[PDB]
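Taken in order, these protein sequences are the chains called A and A'. A prime marks a further copy of an entry chain.
Sequential numbering from 1 applies to the first sequence in the entry's author numbering.
Sequential numbering from 1 applies to the second sequence in the entry's author numbering.
Following: one structure in structure tokens, then a few remarks.
There are 2 protein chains.
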Amino acid sequence: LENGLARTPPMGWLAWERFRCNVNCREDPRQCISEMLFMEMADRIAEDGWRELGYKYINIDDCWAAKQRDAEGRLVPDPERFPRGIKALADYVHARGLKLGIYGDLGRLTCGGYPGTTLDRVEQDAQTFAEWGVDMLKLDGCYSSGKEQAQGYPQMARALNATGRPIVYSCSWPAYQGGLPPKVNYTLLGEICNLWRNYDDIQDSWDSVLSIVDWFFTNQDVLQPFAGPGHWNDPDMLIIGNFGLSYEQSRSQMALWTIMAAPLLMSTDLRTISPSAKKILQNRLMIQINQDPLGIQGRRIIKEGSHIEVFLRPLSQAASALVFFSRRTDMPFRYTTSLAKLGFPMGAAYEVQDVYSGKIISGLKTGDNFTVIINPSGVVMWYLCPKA
Amino acid sequence: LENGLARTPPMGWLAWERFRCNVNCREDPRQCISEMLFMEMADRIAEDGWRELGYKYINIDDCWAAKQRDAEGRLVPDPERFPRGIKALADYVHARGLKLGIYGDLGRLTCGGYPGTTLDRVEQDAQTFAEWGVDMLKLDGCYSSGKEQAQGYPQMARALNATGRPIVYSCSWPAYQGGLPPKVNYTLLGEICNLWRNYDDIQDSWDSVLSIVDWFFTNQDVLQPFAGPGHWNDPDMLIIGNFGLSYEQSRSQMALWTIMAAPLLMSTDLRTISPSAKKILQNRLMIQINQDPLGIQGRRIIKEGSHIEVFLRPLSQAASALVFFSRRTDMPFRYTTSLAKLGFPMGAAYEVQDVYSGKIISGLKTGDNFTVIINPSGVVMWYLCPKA
Ligand SMILES: *[C@@H]1O[C@H](CO)[C@@H](O[C@@H]2O[C@H](CO)[C@@H](O)[C@H](O)[C@H]2NC(C)=O)[C@H](O)[C@H]1NC(C)=O
Ligand SMILES: *[C@@H]1O[C@H](CO)[C@@H](O[C@@H]2O[C@H](CO)[C@@H](O)[C@H](O)[C@H]2NC(C)=O)[C@H](O)[C@H]1NC(C)=O
Ligand SMILES: *[C@@H]1O[C@H](CO)[C@@H](O)[C@H](O)[C@H]1NC(C)=O
Ligand SMILES: *[C@@H]1O[C@H](CO)[C@@H](O)[C@H](O)[C@H]1NC(C)=O
Ligand SMILES: *[C@@H]1O[C@H](CO)[C@@H](O)[C@H](O)[C@H]1NC(C)=O
Ligand SMILES: *[C@@H]1O[C@H](CO)[C@@H](O)[C@H](O)[C@H]1NC(C)=O
């Protein structure tokens, strides 16, 4: 989508995976979906170093609105959970130099049972969001037919533009259509959306992450070519800092999402996040690679019988990123190979930096053998710069 | 096995899951299988509070011996990796008030390819171990037929007794025979072994833990009745502190192994263990319940459609232990029920202590509703004492 936005994958926080549709603010004041949740996450992003790293979006997902539109047919937030309205929430977020994202559903109802954005409501809702000061909109696709979606998604892109307010547009259209051609036309998506959820919702477990990793890389031929500045593939939220991932697994999701040029939308409680989880999510070099200006999504290039997978992502400044991933469940594994074997130019030399450890290799020749030790369900990630 | 040993499930450290058959001491001085590994783990157990809690066994697993017996036909440790011999290692461990465990295989070769204990070598090997000062022996079953195992396992029990040295005897016999009757006779196992590996080796992943949990509880009817002081079911090593389990998952394995009256044999690097992992493994109340004098293995009593499972273990002093386990992957879950609904006596009251948080409920009436909040892949564990 050529609206000057999302020239790099969106970075921020999104409520859904961690907080879901919790409306029990009486017993879960901090974990329930309310204006307070977003204001506090905004303070967290603004105060704990996240903002400086690039994390700027504070996104509201499903279950924020009243169970019905007002009499005028407009969407309104839940009165008890959002007593100051959305515009006020936006100002608050804006005052911190952050941006506010909201959620809607092209259809009769949101997946959670809240007011849906039917075709006759698209222009009005887009208008309502802009007036509130919204900066990003995720448009879900429950309760709408393929025909209605084919009309509605492009229609909402036009409506958003008409408001004159630049709004990042996240589309779930592909996921509802199976995520693959011919049913999905990624060329069209690139023209109308800034990013799109291609596949299943991420759940809080390592198997969920693996399921997403495997679907995207198995189908990379029909997905990788359509990602770029202004239009990204979205494998869903980062679940680092939550309940299901071990330390190694958390490092793995961050690394693989970076290879995929995926949005870095955290869905975790920033008020209780652990130091190790924070350290992973705040890795500057990792973020630099994810945010690379060229926006060329990487690919899996090797699947060893040793249960080791290798990924490569081409970058700006003639650089590259490599991820060595172990799916073994026995012990740290010694993977030995050479850049030449991985496909790099002959007779060259590279300065290599281990993204997580910081260790550097001054001048690795492409013909030289090297060994990396990868832990179970973990990765070793390299940033490579050619010497001249 | 009535040898006065293992009146409570064995507690200690075992090398296998974490260190496997690593013999590359040149590049992995600390992680390779050598006398140094065991001496250092012994120091760890003796110095970091483990010994006082009950952890006393330091067990050597596969890959410790020389590739062949000496000329006299006796087992000898690998010369380079165990330069001071086993007896010296035992003395060292003994000097710390700990006990040394060793590994052998009833068959032509150990699963790792090392010298096996064939039938004609049983008496000699049992003799060799006693002389070295061995306190525990795990007898694996690779490369032996069912007929040979039927003869060898009972035969080794007799050989060990004859040495006059009390030795905990861990038998893998059942695992090689499928772990279920009629092929396996757990009454016989109780007579000849102190504990036995019934099922597959644990690997470093949550799915491995779940696979073990599900097999044992699905088949609890033919397993639970045969566990007791002196003879236990062994679901394998604790992998808390390693690469594949998240925090919640680690707490879950500890709790479920305690419900199963399982040995608490840690297989992790005690030199680098995290504070949180240490805190889980050192939980005194948890250990007290695992070590309960009655030795009555618990059972799964409920499998909700909410993906919540409930476990109960009867204890001494008319007490009980309950585990509420969530296999959901969405968010913290509120499980509401009553002790009456769980099956407890009518019109009674209990003092309840949350094993992990320490929070206490003074006098919970069996008829009163209560709610516990369980995190994804996590547990809530209670210790209950009746009031009078
Ligand atoms: C509506 O669409 C127009 C283009 O159709 C957007 O204008 C483009 O903005 C980008 C970045 O600001 C420029 O690089 C292009 O040159 C512009 N194109 C044209 C035709 O001028 C405009 O930003 C959109 N409006 C909103 C609010 O999204
Ligand atoms: C060999 O077996 C005998 C029993 O057959 C063991 O002796 C028993 O030891 C326990 C605990 O010390 C006592 O409760 C029993 O009363 C003993 N039984 C008998 C018949 O005396 C003996 O400990 C075993 N020897 C070894 C080295 O394991
Ligand atoms: C996909 O959409 C683009 C953009 O509208 C269009 O040019 C192209 O023809 C479509 N492809 C197919 C197979 O319909
Ligand atoms: C490099 O390592 C590979 C093992 O992956 C080996 O086959 C090859 O012979 C090595 N090359 C040299 C020059 O040692
Ligand atoms: C199981 O072993 C015990 C102990 O030797 C024996 O008494 C019993 O008969 C055996 N059960 C069967 C079915 O063979
Ligand atoms: C106790 O909670 C259950 C829900 O599990 C509910 O059905 C029941 O009515 C409650 N009992 C009382 C007295 O509130």
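Even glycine gets a Cβ: it sits at the ideal position worked out from N, Cα and C.
Quick one: does the C-beta of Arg165/A sit closer than 7 angstroms to a heavy atom of ligand 1? Checking the Cβ of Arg165/A against ligand 1 gives yes.
Please determine if the segment 290 to 306 of chain A' and the segment 75 to 94 of chain A' are in contact, where contact requires at least 3 C-beta pairs separated by less than 8 angstroms. no
Count the C-beta pairs between the segment 199 to 210 of chain A' and the segment 322 to 337 of chain A that are closer than 8 angstroms, then say yes if the count reaches three, no if not. Contact between the segment 199 to 210 of chain A' and the segment 322 to 337 of chain A is present: three or more C-beta pairs spanning the two stretches fall below 8 angstroms.
What is the C-beta distance between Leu5/A' and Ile287/A', in whole angstroms, given that I count them as a contact (C-beta under 8 angstroms)? That pair is no contact at about 18 angstroms.
N-terminal and C-terminal residue of the alpha helix (DSSP H) that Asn161/A is part of: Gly146 to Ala162
Looking at ligand 5, does it come within less than 7 angstroms of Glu191/A', judged from the CB to the closest heavy atom? Checking every heavy atom of ligand 5 against the Cβ of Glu191/A', one is found closer than 7 angstroms.
Give me the Cα-Cα distance between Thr272/A and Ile273/A', rounded to the nearest whole angstrom. 22 angstroms
CB-CB under 6 angstroms to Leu223/A, same chain, minus the five flanking residues each way: which ones, in chain order? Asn233
Under 8 angstroms, Cβ to Cβ, is there at least one residue of chain A near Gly244/A'? yes
What are the start and end residues of each continuous beta strand (DSSP E) run of 3 or more residues lying completely inside the segment 171 to 221 of chain A', in chain order? 195 to 197
Between the segment 329 to 361 of chain A' and chain A, which residues of the former have CB atoms less than 7 angstroms from a CB of the latter, in chain order? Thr329, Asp330 and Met331
Specify, as a first and last residue, the run of the alpha helix (DSSP H) that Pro29/A' falls within. First-last for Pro29/A': undefined, no H or E at that position.
Relative to the alpha-carbon of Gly347/A, which residue among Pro376/A, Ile296/A and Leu364/A has its alpha-carbon at the smallest distance? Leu364/A
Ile58/A' by DSSP, collapsed to three states: which one? strand
Expected contact under 8 angstroms - CB spacing of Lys99/A' and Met136/A' to nearest Å: Contact holds; Cβ gap of about 6 angstroms.
Could you name the residues whose beta carbon sits closer than 7 angstroms to any heavy atom belonging to ligand 4, keeping them in chain order? Going along the chain, the residues that qualify are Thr336/A, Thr337/A, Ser338/A and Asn369/A.
How about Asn161/A': is its Cβ closer than 7 angstroms to a heavy atom in ligand 2? Taken from the Cβ of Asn161/A', at least one heavy atom of ligand 2 lies inside 7 angstroms.
If you measure between the beta carbons of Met260/A' and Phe216/A', is that distance less than 8 angstroms? Here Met260/A' is near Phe216/A', since their CB atoms are less than 8 angstroms apart.
Can you give me the start and stop residues for the beta strand (DSSP E) that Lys303/A sits inside? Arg299 to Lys303
Neighbouring residues, chain A, relative to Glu248/A' (Cβ below 8 angstroms): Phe243 and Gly244
Which residues mark the beginning and the end of the beta strand (DSSP E) in which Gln288/A is found? From DSSP, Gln288/A is part of no beta strand (DSSP E) but of the alpha helix (DSSP H) over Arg284 to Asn290.
Note down, in chain order, each residue of its chain lying with its Cβ closer than 7 angstroms to the Cβ of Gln149/A', except the 5 sequence neighbours on either side. Here the set comprises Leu106, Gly141, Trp173 and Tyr176.
Could you list the residues in the segment 288 to 304 of chain A' with a C-beta less than 8 angstroms from some C-beta on chain A, going in chain order? Identification of residues in the segment 288 to 304 of chain A' having a C-beta nearer than 8 angstroms to some C-beta of chain A yields an empty set.
Suppose only complete runs of 3+ residues qualify. What are the beta strand (DSSP E) ranges in the segment 308 to 357 of chain A, listed by chain order? 308 to 314, 320 to 326, 333 to 338 and 349 to 354
So is the beta-carbon of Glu123/A' under 7 angstroms away from any non-hydrogen atom of ligand 2? no
Relative to the C-alpha of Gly12/A', which residue among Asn198/A', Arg20/A', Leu210/A' and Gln282/A' is closest? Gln282/A'
Buried versus exposed call for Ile360/A [16 or more other C-beta atoms within 10 Å across all chains shown]: exposed
Taking 7 angstroms as the line, does the beta carbon of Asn185/A' fall inside it for any heavy atom of ligand 8? Judged by which ligands are present, ligand 8 is missing from the structure shown, whose ligands are ligand 1, ligand 2, ligand 3, ligand 4, ligand 5 and ligand 6.
For chain A', is any of its Cβ atoms less than 8 angstroms away from the one on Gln203/A? At least one chain A' Cβ lies under 8 angstroms of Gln203/A.
Could you tell me whether any Cβ in chain A' is nearer than 8 angstroms to the Cβ of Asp61/A? Against chain A', the CB of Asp61/A has no partner CB under 8 angstroms away; the residue lies outside that interface.
Would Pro263/A' count as contacting chain A if we go by Cβ distances under 8 angstroms? So, not an interface residue.
Minimum C-alpha distance to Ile58/A - residue among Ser34/A, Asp70/A, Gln68/A and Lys67/A: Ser34/A
Using a beta-carbon distance below 8 angstroms, is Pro182/A' in contact with chain A? no
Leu5/A CB to nearest heavy atom of ligand 3 below 7 angstroms: no
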